[PDB]
Amino acid sequence: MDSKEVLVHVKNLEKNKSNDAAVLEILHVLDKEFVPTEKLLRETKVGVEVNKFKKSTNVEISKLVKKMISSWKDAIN
């Protein structure tokens, strides 16, 4: 995972950050098993939208993006 691509995504996340720390620390650690790979990168596109966790995509999305991790690699496999 490219922290550069992820932290940038956090920038977007920041704008949406209804929750500062959870997503902040969640996304940071997320970098380990994060969605930015060759194929997964596009998934990072959607992973970002989850990173956005807008209105209907409530902070709960944070854990959702985690679930997204499970399927994230599932797509790469």
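Only the coordinates and a few stated rules stand behind these numbers; no lab work does.
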Checklist entry - In whole Hz, what ³J(HN,Hα) sequence does the range 45-56 give by Karplus (6.51, -1.76, 1.60; θ = phi - 60°), x for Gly and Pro? => result 4, 6, x, 5, 3, 6, 4, 5, 5, 4, 5, 4
Checklist outcome for this item: Whole-Hz Karplus couplings 3J(HN,Hα) for the range 29-38, θ = phi - 60° and coefficients 6.51, -1.76, 1.60, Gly and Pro as x, run 5, 3, 3, 4, 9, 7, 7, x, 10, 4
Next on the checklist: If I fit a long axis through the Cα atoms of helix 61-76 and take the longest principal axis of the Cα atoms of the chain, what angle between them do I get, 0 to 90°, rounded to 10?
Outcome noted: 10
